[PDB]
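**Q** Quick one: this structure, given as structure tokens, is what I'll be asking you about.
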Amino acid sequence: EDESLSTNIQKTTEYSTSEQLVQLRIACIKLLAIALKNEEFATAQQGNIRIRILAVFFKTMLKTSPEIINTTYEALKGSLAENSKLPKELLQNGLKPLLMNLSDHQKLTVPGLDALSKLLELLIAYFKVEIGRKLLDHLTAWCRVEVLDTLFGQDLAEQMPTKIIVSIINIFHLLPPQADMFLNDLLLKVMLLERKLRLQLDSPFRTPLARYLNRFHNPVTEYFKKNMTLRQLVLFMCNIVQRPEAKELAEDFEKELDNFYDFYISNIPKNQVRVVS
């Protein structure tokens with residue numbers, strides 16, 4: 001009910017003006033991106049006028065509509081080719097409400113984490129990899145027992161904690177490539193969450209974990225070779241590799257079958273009680 005209109009108010013009309021408003025917002029975003037792609041037309045005019053619309057581009061990554069999010073992500077990835085150091089103040093104001101939403105609030109949203117991923121496809125302002133610790137803290141606080149007791153009795157694809165956990169696992173894919181000490185914790189937590197929901201087939205959060213695993217995919221082969229006595233890890237990895245979102249983890253396994261052969265052949269006579277496994 002503010003200055004977007006002249007005579008067509010929005011407190012008595014729904015879906016007749018909201019779609020037109022969304023199309024108007026994405027059209028203005030496309031026009032600003034096309035104008036910003038032109039040199040000396042919006043770049044060197046008035047000094048900081050591209051900063052004034054990059055603040056708009058960071059302010060529009062909090063709308064709940066995914067279409068506006070995808071459009072402004074296309075605008076950012078088309079407009080940040082002409083990057084500069086001079087943006088240093090709006091980064092402490094653009095991605096700041098989302099990172100403050102990420103804190104000890106315990107009520108995260110799905111398009112908020114979607115916009116967090118779309119902003120997380122950059123490499124600046126989160127050089128400290130401590131976002132993963134808060135993400136695992138929120139993941140452990142979303143896979144509790146009391147919230148999973150609300151999951152009892154219904155399905156597992158229309159529930160809000162399932163979508164939140166899927167988004168949390170999904171934004172582990174775009175983390176900075178440091179020494180991922182959150183590999184073992186994340187893998188054990190997803191396997192314990194699958195065992196606690198007692199599902200032994202395809203699960204909702206195996207596709208974001210496959211997108212996490214095929215990205216690094218060098219230490220996960222050694223983590224797999226260090227744990228082959230676990231039946232559930234073998235079933236989990238054999239279901240992950242067949243997914244089309246793990247096209248490079250598949251060829252990482254095809255050149256290591258003989259190591260698996262020598263492992264199982266040399267480890268049969270040590271036990272001789274779990275040979276069928």
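As shown in the structure tokens, the chain order sets the letters A, B, ...; within each chain, residues go from 1, and ligands are also counted from 1 in the order they appear.
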Need to verify the contact set: residue 90 of chain A, 8 Å, only C-alpha atoms, exclusion of same-chain residues closer than 3 positions in sequence. Can you return it as a list in words?
**A**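 These residues fall inside the cut-off: residues 51, 55, 87, 93 and 94 of chain A.
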**Q** Write a file of the just-selected residues containing N, CA, C and O atoms, as a short mmCIF file (atom, residue, chain, number, x, y, z; two decimals), in the first residue's frame.
**A**
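And here is the file that came out, part-v9.cif:
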data_model
loop_
_atom_site.label_atom_id
_atom_site.label_comp_id
_atom_site.auth_asym_id
_atom_site.auth_seq_id
_atom_site.Cartn_x
_atom_site.Cartn_y
_atom_site.Cartn_z
N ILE A 51 26.43 1.51 -8.09
CA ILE A 51 26.31 1.05 -6.72
C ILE A 51 24.89 1.25 -6.22
O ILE A 51 24.34 0.40 -5.49
N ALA A 55 22.71 -1.98 -5.01
CA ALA A 55 21.99 -2.05 -3.74
C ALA A 55 20.55 -2.52 -3.96
O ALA A 55 20.00 -3.26 -3.14
N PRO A 87 32.88 -1.67 -4.69
CA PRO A 87 31.84 -2.19 -3.79
C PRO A 87 32.46 -2.85 -2.57
O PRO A 87 33.01 -3.95 -2.65
N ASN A 93 25.77 -4.48 3.72
CA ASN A 93 24.36 -4.15 3.84
C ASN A 93 23.47 -4.94 2.91
O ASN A 93 22.25 -4.97 3.13
N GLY A 94 24.01 -5.57 1.87
CA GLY A 94 23.21 -6.34 0.95
C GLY A 94 22.97 -7.76 1.41
O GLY A 94 21.82 -8.20 1.55
#
**Q** Env of residue 84 of chain A: 12 Å cut, atoms = only C-alpha atoms, seq-sep filter 3 positions within chain, self excluded. Answer as a list in words.
**A**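 Contacts, in chain order: residues 43, 48, 50, 51, 79, 80, 81, 87, 88 and 124 of chain A.
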**Q** If you take only C-alpha atoms and a cut-off of 10 Å, which residues of segment 69-156 of chain A touch segment 185-203 of chain A, and what are their nearest atom pairs and distances in Å to one decimal, in chain and number order, as a tab-separated table?
**A**
residue	atom	partner	partner_atom	distance
A:136	CA	A:186	CA	7.6
A:139	CA	A:189	CA	8.8
A:140	CA	A:189	CA	8.0
A:143	CA	A:193	CA	7.1
A:144	CA	A:193	CA	9.5
A:145	CA	A:196	CA	9.3
A:148	CA	A:197	CA	8.2
A:149	CA	A:197	CA	9.9
A:151	CA	A:197	CA	8.8
A:152	CA	A:197	CA	8.7
A:156	CA	A:203	CA	8.6
**Q** Would you mind reading off the distance between atom CA of residue 116 of chain A and atom CA of residue 102 of chain A, one decimal, in Å?
**A** 9.2 Å
**Q** Pick from A:146, A:130, A:39, A:252: nearest to residue 218 of chain A, with only C-alpha atoms counted?
**A**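 Of A:146, A:130, A:39, A:252, the one nearest residue 218 of chain A is A:252, counting only C-alpha atoms.
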**Q** If we count only C-alpha atoms, what is near segment 62-66 of chain A at a cut-off of 10 Å, once residues fewer than 3 positions away on the same chain are taken out, given as a tab-separated table (two decimals) with N, CA and C atoms, in the first residue's frame?
**A**
chain	number	residue	atom	x	y	z
A	22	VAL	N	5.00	-8.61	-10.28
A	22	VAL	CA	6.18	-9.45	-10.44
A	22	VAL	C	6.79	-9.26	-11.82
A	57	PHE	N	19.68	-4.50	-6.52
A	57	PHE	CA	19.86	-5.90	-6.88
A	57	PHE	C	20.12	-6.79	-5.67
A	58	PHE	N	20.74	-6.26	-4.63
A	58	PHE	CA	20.89	-7.04	-3.41
A	58	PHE	C	19.67	-6.95	-2.51
A	59	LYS	N	18.89	-5.87	-2.62
A	59	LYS	CA	17.66	-5.76	-1.85
A	59	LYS	C	16.55	-6.62	-2.42
A	69	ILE	N	13.91	-14.06	-7.99
A	69	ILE	CA	15.21	-14.51	-7.52
A	69	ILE	C	16.07	-15.00	-8.68
A	70	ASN	N	15.49	-15.79	-9.58
A	70	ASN	CA	16.23	-16.29	-10.74
A	70	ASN	C	16.59	-15.15	-11.69
A	71	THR	N	15.68	-14.18	-11.85
A	71	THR	CA	15.94	-13.06	-12.74
A	71	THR	C	17.04	-12.15	-12.20
A	72	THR	N	17.02	-11.86	-10.89
A	72	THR	CA	18.09	-11.04	-10.35
A	72	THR	C	19.39	-11.81	-10.22
A	94	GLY	N	24.01	-5.57	1.87
A	94	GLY	CA	23.21	-6.34	0.95
A	94	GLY	C	22.97	-7.76	1.41
A	95	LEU	N	24.05	-8.49	1.66
A	95	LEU	CA	23.97	-9.86	2.15
A	95	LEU	C	23.94	-9.93	3.67
A	97	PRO	N	21.25	-8.85	5.89
A	97	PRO	CA	20.03	-9.42	6.50
A	97	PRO	C	19.88	-10.92	6.31
A	98	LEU	N	20.40	-11.48	5.21
A	98	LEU	CA	20.32	-12.92	5.03
A	98	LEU	C	21.24	-13.67	5.99
A	109	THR	N	13.67	-19.87	6.15
A	109	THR	CA	12.74	-20.05	5.06
A	109	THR	C	13.43	-20.73	3.89
A	110	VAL	N	12.63	-21.30	3.00
A	110	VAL	CA	13.14	-21.96	1.81
A	110	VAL	C	13.59	-20.96	0.74
A	111	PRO	N	12.84	-19.90	0.36
A	111	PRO	CA	13.41	-18.95	-0.60
A	111	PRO	C	14.51	-18.09	-0.01
A	112	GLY	N	14.57	-17.93	1.31
A	112	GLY	CA	15.71	-17.27	1.92
A	112	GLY	C	17.00	-18.05	1.73
A	113	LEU	N	16.93	-19.37	1.91
A	113	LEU	CA	18.10	-20.21	1.63
A	113	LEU	C	18.37	-20.31	0.13
A	114	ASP	N	17.33	-20.17	-0.70
A	114	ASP	CA	17.54	-20.14	-2.14
A	114	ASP	C	18.32	-18.89	-2.57
A	115	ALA	N	17.92	-17.73	-2.05
A	115	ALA	CA	18.66	-16.50	-2.30
A	115	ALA	C	20.03	-16.53	-1.66
A	116	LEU	N	20.17	-17.23	-0.53
A	116	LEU	CA	21.48	-17.40	0.08
A	116	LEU	C	22.41	-18.23	-0.79
**Q** So what do you get for atom CA of residue 169 of chain A versus atom CA of residue 26 of chain A, distance-wise?
**A**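 About the pair atom CA of residue 169 of chain A and atom CA of residue 26 of chain A: they are 28.5 Å apart.
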**Q** If you run DSSP on the backbone here, which positions in segment 33-240 of chain A get helix (DSSP H, G or I)? Please write them as a PyMOL selection string.
**A** chain A and resi 33-36+50-59+66-82+91-94+96-101+110-120+131-140+146-150+160-170+184-196+207-216+219-225+231-240
**Q** What is the distance, in Å and to one decimal place, between atom CA of residue 214 of chain A and atom CA of residue 246 of chain A?
**A**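 Taking atom CA of residue 214 of chain A as the start and atom CA of residue 246 of chain A as the end point, the length is 5.1 Å.
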**Q** Given the choices A:83, A:103, A:207, A:60, which gets closest to residue 244 of chain A if the distance is worked out from only C-alpha atoms?
**A**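 Smallest distance to residue 244 of chain A is found for A:207.
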